[PDB]
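Asker: this one's sequence-less:
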């Protein structure tokens, strides 16, 4: 009976503060705090005072720092069963103004008892999850509870499946506005608590589709956190991949997360990994994208970082002319040859093949790959060429006879008729090109000084 | 000799993509001849925009030459205004530099060439098209797979684009304002993100200093259109509350490495100036304890606060928010020597305000 009087008084005072706007804040906040102090207060009174607070907040056009939040929630947290229901009426949700208020309270620390009710009925979320506007709120309520209670949702329960089902399907809707980053938050925590394997595959699958723009350095954390032996166990189902619709993009990003994992180190599982990997190609490859670039280079690093005749079948298409169509992968194909020729795959017949391939077809885009490939090749082949026939000059002879060569000079810098070649060519070109002039000259005098 | 130009105009309109090497070589040849526009219909442009979208993706070198050629032809400044409207801005579609290596190599060239095109087309473009346009540039500023250099200029055009968004919204019923903020979330998103990426700092400094210097003007200018004194909606204001909290974080690394510092901050302090004081007074009281807390680790931020109440209507309103916070912090002064100086320094300048403009500050 007393609460009703104050309820009336608060509303009358609340009308005044807006009237004054166009003590009052302290008075209205204090009386609101009165309801929390006083027990035996009816549950029904939440709706009256909630509306006026909402009515005035919009009227006063303030949402942050409004004094009515803190005293109000303290009353709600004591009576969370009704307030969640009143906020979960369909009409109330449809109003964005009302929807925003609901989430704000769920952010507060005192909502911890309040959020327990929401966590108690996962079935409720599924109803809204399976339109966008209604769905978007469902994502926010799901993420917010997990944000504080990471343990919740860690159960192996279908709730993740419902998010997973809509997750893959509705990537085209973003072509609400902030959903992608919001939705990814829920599943990533689930993967963090337990290795989702195929579940982790799906979130990465959609991670870079649908024209999304909000995942900055947020997904990468698990990759870094994934390392703190797991790769061998993790790789097995990756080979399965259970795609049923997959494409190169999915595998491309999938191997991106593997690379940190394989950078971790090396148990005996690596032995069976080599055999499994070399059985993938299926001869005919319809992928004309970076998948080959990532896959081919990835195989090279793992074996040395961790039968091999079957592996060389990968570079056979890039050993040929028509096969390995895209030059981008063709440079990577040569890059693979540099890596594989490190331990015992060094033969003269193939050594000459790779060497000119780096200098042949010079290009800025090729410069990046060939420069990377040359670095691995430089300590491998040239030592054989140094003790061999010094074949590097022959190709250098070919290009100058035809008529560009700085690439060979860079290699020669690491490594005497040639001395005239660099001097003769550079001086004509010099009439910028000033860079390689000094560097090789210092080596030229040092080489002459040494011998 | 001029007969070559008309002779070369015939192939340009034709040669559509109705034999991989032959067609690739054929398109490359047309790119070379199309470069020579020294002489200066639109038939040649019609084919150029036709084959521009139809260029095969795998032809990396062909696209490389095409994009460079596309840059040169758009410099005509006479017919280059017709290609954007005529091609329906198809360039805004996924056809942008299609091809793996093209994406990771020539993306800066593709966006930059379009950036200049929209730079002049700005006054010759409607609101609906701009909404499509800004979408691609909004991704550029936040996307971390691109050079930071283009991230800077992606905003530079946006600075002028929002005025066009404002202009079209002024001219007709275009829902510009709702659009005007959508990138503001991206702008503040950049700040919250840049604060995390400053950790690398503890040439990059020039990039970081250059990057933020662009952002402040971009966020500053949009506010002009957003308010066009009028009061700002609550949920709309909350973005700015995020802005200040993240913004003060960014302006940190530039004291442990002053004209530019004052320049940017004075530009920064203006972002909250022109907007309605009633919405302003709302913003800072929530964030003022943080900003005063932040100023402790970097005094230079005080250039905001001191300039904040040094002239405009912001003086009276900010002074109340400041002293009221300091007063409750008054016991802390005299115990924490490092913090004690800060409150006194803050107290000194606010007392500087009352001396400066006694009108309503004396009353304050």
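Answerer: Thanks, I have the structure now. Numbering: from 1, shown residues only, chains lettered A, B, ... in the order given.
Asker: what's in contact with the one helix or strand residue B:351 maps to?
Answerer: Residue B:351 is located in helix B:337-356, with elements delineated by DSSP states H and E. Applying C-beta atoms under 8 Å, 6 or more residues apart in numbering or on different chains, the external contacts of helix B:337-356 come out as B:292, B:295-296, B:299, B:302, B:305-306, B:309-310, B:315, B:319, B:322-323, B:326, B:329-330, B:332-334, B:361-362, B:364. All C-beta atoms are positioned from the backbone trio N, CA, C, and that covers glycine.
Asker: and the end-to-end length of stretch A:254-269?
Answerer: Using C-alpha to C-alpha, to the nearest Å, one end of stretch A:254-269 lies 20 Å from the other.
Asker: got a list of what the single nearest residue of the stretch 151-300 of chain A relative to chain B touches?
Answerer: Relative to chain B, the nearest point of the stretch 151-300 of chain A is residue A:290 (4.6 Å; C-beta to the nearest C-beta). Counting by C-beta under 8 Å, 6+ apart, residue A:290 makes contact with A:248, A:252, A:328, A:329, B:100.
Asker: residue B:330 now?
Answerer: By C-beta under 8 Å, 6+ apart, the neighbours of residue B:330 are residue B:343.
Asker: tell me the spacing between it and chain A.
Answerer: Here the criterion is C-beta to the nearest C-beta, to the nearest Å. By it, residue B:330 lies 20 Å from chain A.
Asker: what does the stretch 151-300 of chain A have sitting close to chain B?
Answerer: Proximity of the stretch 151-300 of chain A to chain B (C-beta under 8 Å from any C-beta of the partner chain) is limited to residues A:177, A:211, A:213, A:214, A:216, A:217, A:288, A:289, A:290, A:293.
Asker: go on, the stretch 1-150 of chain A?
Answerer: A:57, A:58, A:61, A:62, A:63, A:64, A:65, A:100.
Asker: can you select the buried ones from these in ChimeraX?
Answerer: In ChimeraX syntax, the buried subset of those is picked out as below (16 or more other C-beta atoms under 10 Å in any protein chain shown):
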select /A:57,61,62,63,64
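Asker: closest one of the residues of the stretch 1-150 of chain A next to chain B to residue B:283?
Answerer: residue A:64 (8.0 Å; C-beta to C-beta).
Asker: wait, the closest one touches residue B:238, no?
Answerer: Yes: using C-beta atoms under 8 Å, residue A:64 is in contact with residue B:238, at 6.0 Å.
Asker: not counting its neighbours along the chain, what's nearest residue B:213?
Answerer: Using C-beta to C-beta, 6 or more residues apart in numbering or on different chains and skipping residues adjacent in sequence, the residue nearest residue B:213 is residue B:264, 5.4 Å away.
Asker: if I look at the one you found, how far off is residue A:178?
Answerer: Counting by C-beta to C-beta, to the nearest Å, the gap from residue B:264 to residue A:178 is 29 Å.
Asker: picking that back up, residues touching the residue nearest to residue B:213, list them.
Answerer: Contacts of residue B:264 (C-beta under 8 Å, 6+ apart): B:212, B:213, B:216, B:251.
Asker: now swap in residue A:139 and tell me
Answerer: Here residue A:139 is in contact with A:129, A:179, A:182, A:183, A:186 (criterion: C-beta under 8 Å, 6+ apart).
Asker: can you tell me which of these are in helices?
Answerer: Using DSSP state H, the members of those that fall within helices are A:129, A:179, A:182, A:183, A:186.
Asker: at the contact with chain A, which residues of chain B appear?
Answerer: Near chain A, when you scan chain B using C-beta under 8 Å from any C-beta, you find B:58, B:60-61, B:100-101, B:105, B:138-139, B:142-144, B:182, B:186, B:189, B:193, B:196-197, B:231, B:233-235, B:237-238, B:241, B:278-279, B:282-283, B:285-286.
Asker: and the residues you listed, which are buried?
Answerer: B:58, B:60-61, B:100-101, B:105, B:138-139, B:142, B:186, B:189, B:193, B:197, B:234, B:237-238, B:241, B:279, B:282-283, B:285-286.
Asker: surely residue A:414 meets residue A:380?
Answerer: No: the criterion here is C-beta under 8 Å, and residue A:414 misses it with residue A:380 at 12.0 Å.
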